[PDB]
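Shown here: final13.pdb, PDB, C-alpha atoms.
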```pdb
ATOM      1  CA  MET A   1      -7.424  -5.548  11.223
ATOM      2  CA  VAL A   2      -6.451  -6.924   7.793
ATOM      3  CA  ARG A   3      -5.657  -3.450   6.416
ATOM      4  CA  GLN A   4      -3.169  -3.110   9.296
ATOM      5  CA  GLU A   5      -1.227  -6.064   7.841
ATOM      6  CA  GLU A   6      -1.514  -4.965   4.191
ATOM      7  CA  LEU A   7       0.145  -1.734   5.424
ATOM      8  CA  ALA A   8       3.243  -3.377   6.940
ATOM      9  CA  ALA A   9       3.614  -5.091   3.540
ATOM     10  CA  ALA A  10       3.521  -1.983   1.322
ATOM     11  CA  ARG A  11       5.833  -0.455   3.932
ATOM     12  CA  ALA A  12       8.346  -3.339   3.750
ATOM     13  CA  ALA A  13       8.359  -2.328   0.104
ATOM     14  CA  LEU A  14       9.629   1.218   0.786
ATOM     15  CA  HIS A  15      12.658  -0.459   2.416
ATOM     16  CA  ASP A  16      13.099  -2.863  -0.523
ATOM     17  CA  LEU A  17      13.035   0.068  -3.004
ATOM     18  CA  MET A  18      15.617   2.244  -1.176
ATOM     19  CA  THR A  19      18.096  -0.680  -0.879
ATOM     20  CA  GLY A  20      18.579  -0.854  -4.697
ATOM     21  CA  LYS A  21      16.064  -3.529  -5.777
ATOM     22  CA  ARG A  22      13.965  -1.514  -8.240
ATOM     23  CA  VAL A  23      11.279  -4.146  -9.008
ATOM     24  CA  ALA A  24       8.984  -5.109  -6.087
ATOM     25  CA  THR A  25       5.817  -7.262  -5.769
ATOM     26  CA  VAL A  26       2.609  -6.178  -3.955
ATOM     27  CA  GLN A  27      -0.589  -8.125  -3.183
ATOM     28  CA  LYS A  28      -3.595  -5.835  -3.898
ATOM     29  CA  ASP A  29      -7.214  -7.191  -3.957
ATOM     30  CA  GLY A  30      -5.755 -10.691  -4.433
ATOM     31  CA  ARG A  31      -4.042  -9.294  -7.581
ATOM     32  CA  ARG A  32      -0.257  -8.838  -7.843
ATOM     33  CA  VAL A  33       1.373  -5.761  -9.457
ATOM     34  CA  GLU A  34       5.054  -4.837  -9.997
ATOM     35  CA  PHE A  35       5.901  -1.110  -9.470
ATOM     36  CA  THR A  36       9.485   0.108 -10.153
ATOM     37  CA  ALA A  37      11.205   3.068  -8.379
ATOM     38  CA  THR A  38      10.051   4.986 -11.488
ATOM     39  CA  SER A  39       6.698   5.541  -9.686
ATOM     40  CA  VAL A  40       7.612   5.649  -5.968
ATOM     41  CA  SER A  41       5.457   8.800  -5.522
ATOM     42  CA  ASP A  42       2.121   7.016  -6.058
ATOM     43  CA  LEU A  43       3.142   4.555  -3.298
ATOM     44  CA  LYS A  44       3.566   7.533  -0.934
ATOM     45  CA  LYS A  45       0.070   8.865  -1.763
ATOM     46  CA  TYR A  46      -1.523   5.397  -1.530
ATOM     47  CA  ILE A  47      -0.115   4.822   1.974
ATOM     48  CA  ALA A  48      -1.432   8.222   3.098
ATOM     49  CA  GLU A  49      -4.894   7.232   1.817
ATOM     50  CA  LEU A  50      -4.809   4.350   4.341
ATOM     51  CA  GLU A  51      -3.982   6.599   7.326
ATOM     52  CA  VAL A  52      -7.142   8.605   6.540
ATOM     53  CA  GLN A  53      -9.275   5.462   6.096
ATOM     54  CA  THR A  54      -8.121   4.027   9.452
ATOM     55  CA  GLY A  55      -9.346   7.267  11.078
ATOM     56  CA  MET A  56     -13.151   6.933  11.112
ATOM     57  CA  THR A  57     -14.690   3.668  12.375
ATOM     58  CA  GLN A  58     -15.676   3.061   8.714
ATOM     59  CA  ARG A  59     -19.350   3.262   9.748
ATOM     60  CA  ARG A  60     -20.486   1.951   6.340
ATOM     61  CA  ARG A  61     -20.133   2.599   2.590
ATOM     62  CA  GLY A  62     -18.604   5.940   1.539
TER
END
```

File written out as structure tokens:
Amino acid sequence: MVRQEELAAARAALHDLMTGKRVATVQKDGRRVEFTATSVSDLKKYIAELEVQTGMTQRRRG
């Protein structure tokens, strides 16, 4: 699925933030945003939100 790919991307970011590079780019909704290690916690919560969304077969709207 597409979300599966968007996950490997935000993940490749956790590796780019622990290697020293503080600024990182992320494609979200066709819109780019630059988070710095200053807010690496929100990235941890966002990822988790995807593991819960890939649980149910979506079914339909919320």

Quick check on the file I pasted: which residues fall under the PyMOL selection byres ((chain A and resi 43) around 12)? Write them as a ChimeraX atom specification. /A:7,9-14,17,24,26,34-42,44-50

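The spacing separating CA of residue 53 (chain A) from CA of residue 4 (chain A) amounts to 11.0 Å.
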
So what do you get for CA of residue 5 (chain A) versus CA of residue 27 (chain A), distance-wise?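 These two atoms are separated by 11.2 Å.
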
Report, in Å with one decimal, the straight-line distance from CA of residue 16 (chain A) to CA of residue 1 (chain A).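 Atom-to-atom, CA of residue 16 (chain A) to CA of residue 1 (chain A), that is 23.8 Å.
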